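Chains as they are written, first to last, in the deposited numbering: chain Q, 3 to 91; chain A, 725 to 869; chain O, 95 to 451; chain c, 9 to 111, 145 to 253; chain d, 36 to 275; chain P, 28 to 94, 100 to 151, 156 to 163; chain C, 67 to 101; chain I, 92 to 123, 142 to 211; chain S, 3 to 41.
Every residue gets a Cβ at the ideal spot worked out from N, C-alpha and C, and that includes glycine.
Below is one structure; the comments refer to it alone.
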Amino acid sequence: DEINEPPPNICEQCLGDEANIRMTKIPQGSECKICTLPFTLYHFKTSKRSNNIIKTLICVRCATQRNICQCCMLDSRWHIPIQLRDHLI
Amino acid sequence: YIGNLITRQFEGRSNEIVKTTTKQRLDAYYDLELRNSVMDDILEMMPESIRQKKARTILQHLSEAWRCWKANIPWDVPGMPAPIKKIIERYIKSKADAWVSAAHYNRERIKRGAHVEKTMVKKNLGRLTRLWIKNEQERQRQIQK
Amino acid sequence: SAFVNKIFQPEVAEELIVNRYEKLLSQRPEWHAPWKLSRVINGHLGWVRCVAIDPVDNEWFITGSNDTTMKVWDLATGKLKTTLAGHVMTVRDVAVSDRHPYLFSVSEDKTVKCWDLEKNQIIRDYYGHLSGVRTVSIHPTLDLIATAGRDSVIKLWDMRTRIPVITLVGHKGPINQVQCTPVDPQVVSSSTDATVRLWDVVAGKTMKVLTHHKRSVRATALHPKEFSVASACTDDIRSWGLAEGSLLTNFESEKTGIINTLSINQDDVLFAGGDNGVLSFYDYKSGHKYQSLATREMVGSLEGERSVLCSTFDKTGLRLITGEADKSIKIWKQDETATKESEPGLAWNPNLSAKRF
Amino acid sequence: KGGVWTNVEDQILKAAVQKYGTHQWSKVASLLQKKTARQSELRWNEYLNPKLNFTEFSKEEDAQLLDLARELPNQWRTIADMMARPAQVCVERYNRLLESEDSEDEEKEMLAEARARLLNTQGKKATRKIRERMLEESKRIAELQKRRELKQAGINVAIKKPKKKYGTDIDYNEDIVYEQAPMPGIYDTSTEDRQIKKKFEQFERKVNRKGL
Amino acid sequence: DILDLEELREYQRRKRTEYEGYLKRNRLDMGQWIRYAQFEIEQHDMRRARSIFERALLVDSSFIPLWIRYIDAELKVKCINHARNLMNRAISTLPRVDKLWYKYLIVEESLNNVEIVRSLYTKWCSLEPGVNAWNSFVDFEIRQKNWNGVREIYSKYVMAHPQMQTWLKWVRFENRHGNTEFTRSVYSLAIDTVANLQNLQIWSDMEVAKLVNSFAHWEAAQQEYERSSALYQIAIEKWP
Amino acid sequence: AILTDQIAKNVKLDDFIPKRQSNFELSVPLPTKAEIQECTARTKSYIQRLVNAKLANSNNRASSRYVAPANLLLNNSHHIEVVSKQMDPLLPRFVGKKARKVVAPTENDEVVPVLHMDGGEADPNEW
Amino acid sequence: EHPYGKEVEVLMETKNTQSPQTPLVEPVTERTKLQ
Amino acid sequence: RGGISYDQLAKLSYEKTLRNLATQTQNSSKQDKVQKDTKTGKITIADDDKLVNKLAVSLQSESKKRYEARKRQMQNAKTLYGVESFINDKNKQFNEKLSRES
Amino acid sequence: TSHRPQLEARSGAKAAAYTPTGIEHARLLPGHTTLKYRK
Ligand SMILES: [Zn+2]
Ligand SMILES: [Zn+2]
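Right under this line is the structure:
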């Protein structure tokens, strides 16, 4: 479905501390790092005066199947890497 | 035009190229639709236990019947089931109605001089000489009977 | 009776083989008047492969055929009105619009075409089927058409913009017949994988898969009242209840062999055209085959040519236009001055040997 | 120049018709030197067809032949379809029936060539494919032997992969491909997977020692 | 022959490229699917070997040799719980097919799980499949000596197939065991149901004659000739 | 009778039996006029939104002629304005869009029962 | 003589009875024009 | 005469393996549950590992026995008939297939 | 071999999962943009 798409999965610590964040949506932006298939690239900045753009690197389907955010690809709960998550379980 | 060229550079060409039917391949697409209709009607007459092997052999009696029609040879297979022989003769007569009517249509075009391909003049000659002898052989049998 | 329920004490009291059978004998099918041939129209150069009626005012019907040309025939007199050429292979299905002056026609040449009936010219061509297209259905009050064929998909076309809007991907074989209903399920399709699908067109997925037929489901037909579809395989015809997907009734079609077409009347008469030439009329609410006729081909033709290929009723329902493989168009009149007496039809006699019920 | 039919040319013509049918005679006559396609077509239809009956006529067939030859004088191809005999048989009998009122080595070479031609049914593309397949099998065996000999000398060199012909070409060894998992079932196949993993790891442990 | 694991790893790539090539050209040809699925069993990788049979079932799930071979592949490697899930999907997809039901049975027969074949047969005889299923279900309880259970089956079997060769099979059961009190109870139930359901017209004239005669010739062997004689009068009057 | 349900659950005897055989006069009603309108306006709006997706994404300039921000994230802990970037008319829009081919997996969660009837099965060698 | 038994009307049509430009549906012209 | 349908063939195959399981128990006798985890929903059946092994062995023995009964049929039918002209083995199997038609 | 009949046709199931290209065809250009409705 190209007209019904999920909202992106991003961490709280990627978004940071500020309340309102101006995020830019590009409907077929870059292609996913994992599945190499295009998606809606969301990118944003923590503050207005920051100097680092935080992009979503993977699509929401690869982010849901691993339960990770799209930006830093850490787990949505516990905020740990995937290799350490699957080792603790 | 150039917009189609540059997007074909950046993205490649599509993999869903469906070819429309043309004068070039209308004889090719006719037989694909003719073989599927014969393969459907026999598979529905079958009681059970027919696979990709038995559907493959029965379609060679369809090809053999049309070569017997063009030869004006009576197609009679000993041991052929009478429902299935009835199906093939229904579709050989159906293909013959297209084959003969295309020989009448293209003959009227060659007389008018109205853009007949050089291959089709040799093809329409080869059709009528089978139609002339088939009319000749039938006239011979009406005197003999 | 009550003896069966007290001795052979059931848990459902309907699912015994006798309690279902005693309710069929308790019920009598509706009488219907028999059918007779009234007109034979010989106008095509090949098989008549599809027939469509004028949905408004009922003056003409149109028969696409095997000689790549659609002819328009006047219903009353039987004369030929016009010929519509423009396909290069066999016209497989023809659908006339009730809300539009538009004629939709598919063929084996991979083309879906529209026709302005105020101009008799091809407008608004459709593109995208990988193989020959087999059926058209015009959606009531949505301005879509549904086309399907050998590609195992159903392309839902916007009329105005000519775009393949929705492709329905669930089948495994070539789709033989497709219907359009106003509510969900909006598309009913039948294919050679012995399935009838009920489609949710917004989600693009199947509501219900009807795997009750054994062989290729070659023909379906929508009932103009009472909101049901009937599908015909090579031996059985089954009426289906839409919005539940429920098997309504199982007809008395025994040794009819490949039903090629179906058409359902306002007066609950279902026609079943077979390849053997034997054409049979059923009670739609019961399944009782009350009449079985056979046709005469021509002066001279083959024995395979005796086969009904397509059929519709007219808007009044008192006429049946069938097109057959003998290049003919036969119109079947339901004869008046016949009563329940002296024309009873075949006797209502359900049996236990056939497990149909 | 017109040759006669020897028994070697007849049995090549029988074996060719049994190979090619009767509607391609320029392909039958290519096995036979000194015979045209028209000559081999006519020799079959007059002499070598097993449908033809070279039998003596009965007493009825003699009187029935004399009856036809007055009905159709003298139309011997038409009479021969009535008699279901060959036409030269019907004439030569009819003349005898009116006389009742009285008052190596070149052949062996072409036979070997025909025997080689009848028993080869493949074609260029099929034969070319067979040669190519044999070459590929030999190339693999050579490379494997080269790796075994270097393994005897201590140097370990890995097997090279076949290079990608296109961009999304698939290495089937790297990944289980379009894996379809068995549908989840109520029977809790948990210990079965442990035993199958243990047996599979045991198998691959035995391959690294015994070889296979 | 293969020496080490790297030569095996190059051997497995060459066959799997080959078989996946012919299956890409031919989605069909179920025999080609099984020969590649059998290849993966020989490589002892059952995770791959389950995948080809699953992919082949997505092409043609109505092909019965494909179901039996994948079931047998799970049984030969002793994965019994993988087979129970698989035969469950076999009978839930194709309930008509008798082979798939008998396959479930003779495996659970082989494991001496008598309560699972009994639960299987109760479901299978609920879908009204035909006389081959019931007759193998009454033969199952004779093996298990459950005489009270097999008598419950014929109570249901005559209601699923109302015909005298199912009723007379039940009196051939009872006269095999010689219980006189049970046999005439079945005989009384069989002749009343013909009378009770006379109007339905499902037993023919030759068919009801087998019930009256087998009732009478049994009563002749039970030395009660007056019951043998009187039933002939009620049957001739009841059916003239 | 230890596992009565867990065999062949998806298939029942009620799916085989017809419904009109118990009463021929069973009413299967046509869809009401208020019900056809609730489905028409849902379907027409879905397809018009699909046609507007195809006409906007096409690179023809003459297709605008023929034709959601402030979303919650992290259980609404962050209110996030979603904006669009002003695309360069000369750089290719949809940079991740290529003509590539994808094989799709099948989602088979429930088995569909192939509900044939039992079995007129005797046949000589005529076929 | 002719088949089907004289209740059935058999007709053989080889030519069109309308012009090709004849509209099969009459166009909806509500307002009358005098231009 | 005639052929045997698949529902009649499957019962006779089921009747035959019941006699193989009967004599297997008779040759053995001559010599001398259900747990349903509520959280997962899975059902575990505890059964004897001998009867599962004897199931796996007998399927392999029936697979090899039909493999050997067909291999000897391949070696016999190749060395029966050589009268009619052939070219390869696929021609011989086809010309023999024409003989069973008539 | 190499010259074969079709055992099955190419399905639209395969082309549905592909990514589109959006190439501009001359017969998909806008034309007859207004529908006519019957009285
Ligand atoms: Zn991804
Ligand atoms: Zn993150």
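Asked: Does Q169/I have its Cβ less than 8 angstroms from a Cβ in chain d?; Found: yes
Asked: So, helix, strand or coil for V295/O, using DSSP?; Found: coil
Asked: On the DSSP bridge list, what partners appear for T26/Q?; Found: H45/Q and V115/P
Asked: Among the candidates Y378/O, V188/O and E437/O, whose CA atom is the shortest distance from the CA of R47/P?; Found: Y378/O
Asked: Is the beta carbon of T163/O closer than 8 angstroms to that of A146/O?; Found: no
Asked: Short of 7 angstroms Cβ to Cβ, which residues in the region 218–246 of chain c face chain I?; Found: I227, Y228 and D229
Asked: Can you have a look at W80/Q and say buried or exposed, based on whether 16 or more other CB atoms are within 10 angstroms of its CB?; Found: exposed
Asked: Thinking C-beta only, is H382/O closer than 8 angstroms to residue 37/O?; Found: Nothing can be reported for residue 37/O: it is not among the residues displayed for chain O, which extend from 95 to 451.
Asked: Note down the Cα distance separating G66/d from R60/d, rounded to an integer number of angstroms.; Found: 14 angstroms
Asked: So the beta strand (DSSP E) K102/I belongs to, where does it begin and stop?; Found: Here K102/I belongs to no beta strand (DSSP E); instead the alpha helix (DSSP H) covers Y97 to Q122.
Asked: Between the beta-carbon of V742/A and the beta-carbon of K204/O, is there less than 8 angstroms?; Found: yes
Asked: Under 8 angstroms, do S405/O and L414/O count as touching if we go by C-beta distance?; Found: yes
Asked: Excluding sequence positions up to five away, which residues of its chain have a Cβ less than 8 angstroms from the Cβ of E205/I?; Found: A186 and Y190
Asked: Output yes or no for whether 8 angstroms exceeds the beta carbon distance between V134/P and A17/S.; Found: no
Asked: I'd like to know whether the C-beta of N231/d is nearer than 8 angstroms to at least one C-beta of chain c.; Found: no
Asked: If you measure from each residue's Cβ to the nearest non-hydrogen atom of ligand 2, which ones come out under 7 angstroms, in chain order?; Found: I12/Q, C13/Q, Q15/Q, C16/Q, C71/Q, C73/Q, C74/Q, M75/Q and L76/Q
Asked: Using a cut-off of 9 angstroms between C-beta atoms, extract the partners of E79/C located in chain O.; Found: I135, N136, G137, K165, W167, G172, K173 and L174
Asked: Which same chain residues, not among the five before or five after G398/O, have their C-beta less than 8 angstroms away from its C-beta?; Found: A419
Asked: Using a Cβ cut-off of 8 angstroms (strictly closer), state whether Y39/S contacts chain P.; Found: no
Asked: For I151/d, go through chain P and note every residue whose CB falls closer than 9 angstroms to its CB, in chain order.; Found: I29, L30 and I34
Asked: For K47/Q, which option in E33/Q, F41/Q, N22/Q and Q67/Q has the closest C-alpha, if you only look at C-alpha atoms?; Found: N22/Q
Asked: Cβ of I811/A less than 8 angstroms from any chain O Cβ?; Found: yes
Asked: With distances taken Cα to Cα, identify the nearest neighbour of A826/A among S773/A, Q868/A, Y754/A and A795/A.; Found: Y754/A
Asked: Quick check: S325/O and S380/O, are their CB atoms within less than 8 angstroms of each other?; Found: no
Asked: By the DSSP assignment, the beta strand (DSSP E) with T177/O in it spans what residues?; Found: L174 to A179
Asked: Does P124/P get closer than 8 angstroms to chain A when you measure Cβ to Cβ?; Found: yes
Asked: Could you tell me whether the Cβ atoms of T171/O and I423/O are closer together than 8 angstroms?; Found: no
Asked: Under 8 angstroms, do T184/O and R143/O count as touching if we go by C-beta distance?; Found: yes
Asked: Buried or exposed, going by whether 16 or more other CB atoms sit within 10 Å of the CB of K747/A?; Found: exposed
Asked: Between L246/d and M199/d, which are expected to be in contact by the criterion C-beta below 8 angstroms, what is the C-beta distance as a whole number of angstroms?; Found: 6 angstroms
Asked: Could you tell me which whole alpha helix (DSSP H) segments of length 4 or greater appear in the region 17–80 of chain c?; Found: 33–36, 45–51 and 67–79
Asked: Work out the CA separation of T201/d and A251/d for me, nearest whole Å.; Found: 18 angstroms
Asked: The beta strand (DSSP E) with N123/d in it runs from where to where?; Found: Here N123/d belongs to no beta strand (DSSP E); instead the alpha helix (DSSP H) covers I115 to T128.
Asked: Does ligand 1 have a heavy atom nearer than 7 angstroms to the CB of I60/Q?; Found: yes
Asked: Closer than 9 angstroms, Cβ to Cβ, to anything on chain c: give me those residues from the region 117–141 of chain P, in chain order.; Found: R132, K133, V135, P137, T138, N140 and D141
Asked: Does the beta-carbon of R132/P, which I'm using as the reference point, lie nearer than 7 angstroms to any heavy atom of ligand 1?; Found: no
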